[PDB]
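Coordinate analysis (summary)
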Amino acid sequence: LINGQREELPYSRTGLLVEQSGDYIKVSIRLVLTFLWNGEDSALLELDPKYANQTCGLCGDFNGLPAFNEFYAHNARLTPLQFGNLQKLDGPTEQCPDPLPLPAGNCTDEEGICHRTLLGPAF
Amino acid sequence: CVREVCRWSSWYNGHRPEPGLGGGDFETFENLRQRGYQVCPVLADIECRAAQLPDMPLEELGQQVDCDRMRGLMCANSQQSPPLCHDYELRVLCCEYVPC
Ligand SMILES: *[C@@H]1O[C@H](CO)[C@@H](O)[C@H](O)[C@H]1NC(C)=O
Ligand SMILES: [Ca+2]
Ligand SMILES: [Ca+2]
């Protein structure tokens, strides 16, 4: 939907172009952003360098320091559940809950498939 | 013959609210189903309360809690001053139909 109207891919205008390119739907706004969306799970944002330090969201602060500035709100270090819940936004008439922590893990990489592939020659 | 037989449930405190801004208590029927707590598909009324203060009612607390028969109970830290919640729990009412 572009400004409330359905459009047929690709839709192109000055600065903006949206396409069914490849396996995804890609929205590129020139000098602003690149948004890839496979349509089922993945979704990837490329941002200009000029938005360094001026962004905030699940994608982080874009200041370049990974381990010190994302999860420290009012000097208190917080957790992925907390960080993902701070960046929340309900609908006008919606009260979505907060998902509760999942219990401990199991399985692990028994057959080594993740270690066989990820650590394999391909990468 | 068939007559409705109905009764209350027990108390369900499946979470301990977390200090901070995004914290609080989120006691939802879907979470109750996931955690293994028995959730009746059909109900008539449910009752919420604070687990640590089992006398003074919800409105006497004055905190912002939404507690409804279709969803459950939710208290968010950021909506209250101080930005915190109490440790709440709730119970539900289950009614079936038994032959006379
Ligand atoms: C990044 O943002 C922090 C937040 O206040 C600021 O203190 C710092 O000077 C900024 N640095 C750059 C390089 O933008
Ligand atoms: Ca950072
Ligand atoms: Ca609780």
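Under the PDB entry, the name given to chain B is Mucin-5B, and the organism recorded is Homo sapiens.

Looking up chain A in the PDB entry gives the name Mucin-5B, with the organism given as Homo sapiens.

**With respect to the overall build of chain B**
Looking only at helices and strands, chain B has 2 helices and 7 strands in total. Across chain B, helices and strands are ordered from the amino to the carboxyl terminus as β-β-α-β-α-β-β-β-β. With the C-alpha coordinates of chain B rotated into their principal frame, the extents come out at 55 × 30 × 20 Å. Pairs at least 24 apart in sequence give 70% of the contacts found in chain B among residues at least 6 apart.

**A short note on the sheet that holds strand 4 (residues 65-68) of chain B**
Residue and element names in this part refer to chain B. Read across the open sheet, the 3 strands follow the order 2-5-4; overall the sheet is antiparallel. At either end of the open sheet lies a strand with only one pairing partner, and these are strand 2 (24-28) and strand 4. Across the sheet, the axes of successive neighbouring strands diverge by a mean angle of 10°, strand direction being ignored. Judged from the 5 bridges that link them, strand 2 and strand 5 (residues 72-76) form a sheet pairing that is antiparallel. What sits directly across from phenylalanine 26, in strand 5, is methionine 74.

**A word on the nonpolar core**
Residue and element names in this part refer to chain B. The biggest cluster of nonpolar side chains holds 14 residues, and the ones touching the most others in it are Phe29, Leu32, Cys48, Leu73 and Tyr88. Residue assignment for this core shows that the elements contributing at least two residues are helix 1 (29-35), strand 3 (47-50), strand 5 and strand 6 (88-91). With sequence-adjacent residues up to four places away left out, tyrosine 88 is seen in contact with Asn13, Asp25, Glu27, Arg49, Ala50, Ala51, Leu58, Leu61, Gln63, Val65, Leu73 and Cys75.

**Details of the coordination of the calcium ion (ligand 2)**
All names here are of chain A. At this site the calcium ion (ligand 2) is bound by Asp61 (OD), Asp61 (OD), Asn63 (OD1), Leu65 (O) and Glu70 (OE), with donor distances of 2.3 to 2.6 Å. Written as a sequence motif, the donor arrangement for the calcium ion (ligand 2) is D-x1-N-x1-L-x4-E. The class for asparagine 63 is partly exposed, based on a relative accessible area of 27%. Looking at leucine 65, the relative accessible area reads 49%, which means it is partly exposed.

**Let's talk about the interface of chain A and chain B**
Contact with chain A, which involves 11 residues of that partner, is made by 12 residues of chain B. With both sides pooled, the region where chain A packs onto chain B buries about 960 Å², and carbon together with sulfur makes up 58% of that total. At the boundary of chain A with chain B, the tally comes to 0 salt bridges. For the pair chain A and chain B, the interface holds 2 residue pairs in polar contact. The class makeup of the residues in the side of chain A that touches chain B is 6 nonpolar, 4 polar and 1 charged.

**Notes on the packing of aromatic side chains**
Each aromatic ring pair is characterised by the separation of its centres together with the angle its planes make. Taken as a whole and judged by the stated rule, the model has 3 aromatic pairs over all chains. Ring geometry for A:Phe68 against A:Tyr72: centres 6.3 Å apart, planes inclined by 65°, an arrangement best described as edge-to-face. The class for A:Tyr72 is partly exposed, based on a relative accessible area of 34%. Arranged with centres 5.7 Å apart and planes meeting at 85°, the rings of B:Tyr12 and B:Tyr37 form a pair that is edge-to-face. In this pair, B:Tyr12 is assigned in the loop between strand 1 (2-8) and strand 2 and B:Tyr37 in the loop between helix 1 and strand 3, connecting sequence segments 25 residues apart. Judged by relative accessible area, B:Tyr12 falls into the buried class, the value being 16%.

Parameters at a glance
- Residues numbered from 1 in each chain as written, not as in the entry; some residues may be left out.
- Chains lettered and ligands numbered in written order.
- Part of a larger assembly, values for the part shown.
- Heavy atoms only, no water.
- Residues with missing side-chain atoms left out of burial classes, pairs and counts.
- Helix = DSSP H or I, 4+ residues; strand = E, 2+ residues; numbered from the N terminus.
- Contact = heavy atoms within 4.5 Å.
- Pairing = 2+ DSSP bridges.
- Axes fitted to C-alpha atoms, helices over the stretch in contact; angles between N-to-C directions.
- Core = buried A, V, L, I, M, F, W, Y, C linked by side-chain atoms within 4.5 Å.
- Buried < 20%, exposed > 50% of the residue type's maximum accessible area, 1.4 Å probe, protein only.
- Donors = N, O, S within 2.8 Å, 3.2 Å for Na, K, Ca; no water.
- Buried area = accessible area lost by both parts, 1.4 Å probe.
- Salt bridge = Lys/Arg side-chain N within 4 Å of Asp/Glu carboxyl O.
- Polar contact = N/O pair within 3.5 Å; in protein donor to acceptor, adjacent residues only side chain to side chain.
- Nonpolar A, V, L, I, M, F, W, Y, C, P; charged D, E, K, R; others polar.
- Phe/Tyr/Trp six-rings, centres within 6.5 Å; stacked < 30°, edge-to-face > 60°.

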